[PDB]
Each structure stands twice: as C-alpha cells, then as structure tokens.
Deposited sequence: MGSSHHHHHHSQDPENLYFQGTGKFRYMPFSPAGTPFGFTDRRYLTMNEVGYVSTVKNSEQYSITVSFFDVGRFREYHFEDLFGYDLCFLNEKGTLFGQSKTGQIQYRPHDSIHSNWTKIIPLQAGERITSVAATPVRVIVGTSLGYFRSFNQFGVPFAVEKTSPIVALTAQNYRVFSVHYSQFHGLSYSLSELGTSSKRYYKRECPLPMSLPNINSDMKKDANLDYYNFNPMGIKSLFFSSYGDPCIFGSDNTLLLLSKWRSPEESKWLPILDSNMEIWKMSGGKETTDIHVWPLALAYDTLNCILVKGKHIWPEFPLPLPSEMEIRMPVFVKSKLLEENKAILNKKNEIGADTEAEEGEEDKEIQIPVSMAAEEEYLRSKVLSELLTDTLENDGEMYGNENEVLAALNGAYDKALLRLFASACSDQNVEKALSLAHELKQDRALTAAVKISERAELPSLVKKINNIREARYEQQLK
C-alpha cells in the first residue's frame, strides 16, 4: 500500500503540466510545471476580499491547505513546509519537518491559530500560526487531515482494519480526543480516471468541517457523509445527508449522464458548495467553473 500526499479536493497532473493542489469555499490553489521549477497560484472566489497572487516554487510542494487567513504548503519528501498569510502585514515562515527513512508527510492543515503536519509513520506535529512547535504525538499512520479553529479531524490507516478516524480538540490545556481511531464507514474505490486513483488511492476526494462544526467526508461513492452528535459517544453516527448522484439525475430531468461529476468544496449549513465538472475526467481542469450550490 502506498501513502500518497493528500490535500482537500486536489487534482492529479494527468497528461498536463498543471493541477490543483487544494480547493475549498475560500479559493483554489494550482501548480504548474515550468522549464526548471514550479509556479504556484493562489486564487480566491471572493475577489473583493482577498488578493490573488503567485510565486516561484523552487521546492516542488505537493501538499497544500487553504483557509480564510492563510495558505499552508508542504513538500512530502523533504519535509519542508511554508505558511503564507493572506495579509502582507503578517510574515511568511518556512520550516523543515524531520523525516525518518521512508517517512513522508501525507497531509497538512491549518487554522487561524494552528498548523498540523501528519506523516506515514503516524507522527502528529502541531504548531501555532507563527511556527512555534507545541507538541509531537505518535499515532497510527496518517493519510488525511483537516481542521477548524482548535478541532482536528484525522483519517488513519491500519494494516489490520483499514481506515479509521480520530476527532480531537487542540486547546490550551491539552489535546482531547472525542473519537480515537474509530471505524470510518466510507466505501473505498472499487478506465479514463485511472490517474486519479493512482493519485488518491483511498478515493477521499475531500474532507472538512461543516459551518456548524461537524466532520464531513466525501468519497468515491460521491456521498457527503456527516458525523452528527460526536460530542456524545452513545449516539454519534455518520449520516449520508447527500447522494450527489441522485441530485444530478434530478437536474438531468431523468437521464443518466456520465458527463457530470461533483467536486466538493464545503458545507455551509444548508448547501453543499461544489464544482460541477463536465467531461471525461471526474476532476476539474482549467479554467475552473463557477462554484455551484446543492440543497441538502
């Protein structure tokens, strides 16, 4: 089994020289292979709110996480990371993560007050928004990370029972677990879109917290799974609150079209922010379509 570098709603290069590193309701980040290095572009959907920019990537970042305050970049093999605040008032900072032989960064995530790095050996490294290390934890091998404020939602892989998830709060006191490596009821991937499942074997298209604090995951079955009542152990269940396959079929009048695919961005209370993809590929290309909204 291979531990591929993961980012929310990221796309593979395919036959092209460009792809999206990550993608959500805030904006989209892309990288382009040029003559000798890479070129990273950070764009936003609310152009009135944030300044789009680009820079030369001498390192070749393949990991990325985006929020409303900054963008986090990661290089899976050298363990290099960089955080760029959206506002010029705040300084960028760079840091190298220690990696043992064969160890790769598999996922990164950030909030206004936290930076998270996960590895294939199960190292969980946390920082504040300025780079100061807060803790180093040993867990099961990490394959996917996401975060909201002080909460963290992590997906792990075990040789024995496969995919599991943990849910925790990185408060000021100490990291508290609400869920500790519990079963992840998500269907693994079962062709033109071959490059994608080579790029993301676990088929997790994206994952995120809802606007009201609930962990969401979006797999290859194209169903938005919501974890409700995670504060209470005796009643925490995963809800399939959206089968995007059904909603597409309804929008098509009742005709099964294999042209349209949903690309998850966020969950904002009542709607699923997404990208409706038209084409042979199930992942969006260039240019990026306008963000759509789907009722729950």
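**Prompt:** What's missing from the model if you number the deposited sequence from 1?
**Reply:** Comparing the full sequence with the modelled residues, the uncovered ranges come out as 1-24, 215-221, 328-478.
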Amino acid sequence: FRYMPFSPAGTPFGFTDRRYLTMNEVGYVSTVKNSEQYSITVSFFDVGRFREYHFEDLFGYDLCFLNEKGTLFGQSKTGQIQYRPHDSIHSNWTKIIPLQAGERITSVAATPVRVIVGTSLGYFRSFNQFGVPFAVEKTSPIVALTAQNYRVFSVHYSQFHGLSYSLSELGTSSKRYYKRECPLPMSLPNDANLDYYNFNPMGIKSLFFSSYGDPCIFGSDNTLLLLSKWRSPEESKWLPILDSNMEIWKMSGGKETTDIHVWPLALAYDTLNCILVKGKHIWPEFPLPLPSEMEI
From here on, numbers count along this sequence of modelled residues.
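What we label the rigid core is the largest C-alpha set whose atoms superpose within 1.5 Å from one form to the other.
**Asked** When the other structures are laid on this one by the rigid core, do the CA atoms of 157-165 or of 194-202 sit farther away in 5 other deposited structures of this protein?
**Response** So, of the two stretches, the farther one in 5 other deposited structures of this protein is 157-165.
**Request:** On a core superposition, give the stretch, 249-257 or 262-270, with the larger average C-alpha separation from this form in 5 other deposited structures of this protein (RMS over structures and residues).
**Result:** Clearly, after the core fit, the stretch farther away in 5 other deposited structures of this protein is 249-257.
**Asked** Which is higher on average in the deposited entry, the C-alpha temperature factors of 57-65 or of 266-274?
**Response** Taking the mean B-factor of the alpha carbons in each, 266-274 is higher.
**Message:** Can you tell me whether 29-37 has a higher mean C-alpha B factor than 257-265 in this record, or the other way round?
**Reply:** For C-alpha atoms only, the mean B-factor is higher in 257-265.
**Prompt:** Of the options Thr106, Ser206, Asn190, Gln148, which has the highest CA B factor as deposited?
**Reply:** Of the options given, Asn190 has the highest CA B-factor in the PDB entry.
**Request:** State the tercile, meaning the lowest, middle or highest third, of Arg18 with respect to the CA B-factors recorded for its chain.
**Result:** As the PDB entry reports it, the C-alpha B-factor of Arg18 lands in the middle third of its chain.
**Third of the chain's Cα B-factor distribution that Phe160 belongs to, per the entry** = Highest third, going by the recorded CA B-factors of the chain.
**Request:** Quick one: classify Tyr196 as lowest, middle or highest third of the chain based on its Cα B-factor.
**Result:** CA B-factor rank for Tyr196: highest third.
**Request:** Could you look up the Cα B-factor of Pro215 in the entry and say which third of the chain it sits in: lowest, middle or highest?
**Result:** Lowest third.
**Prompt:** If you rank every modelled residue in this chain by C-alpha B factor, which third holds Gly10: lowest, middle or highest?
**Reply:** Bottom third by C-alpha B-factor.
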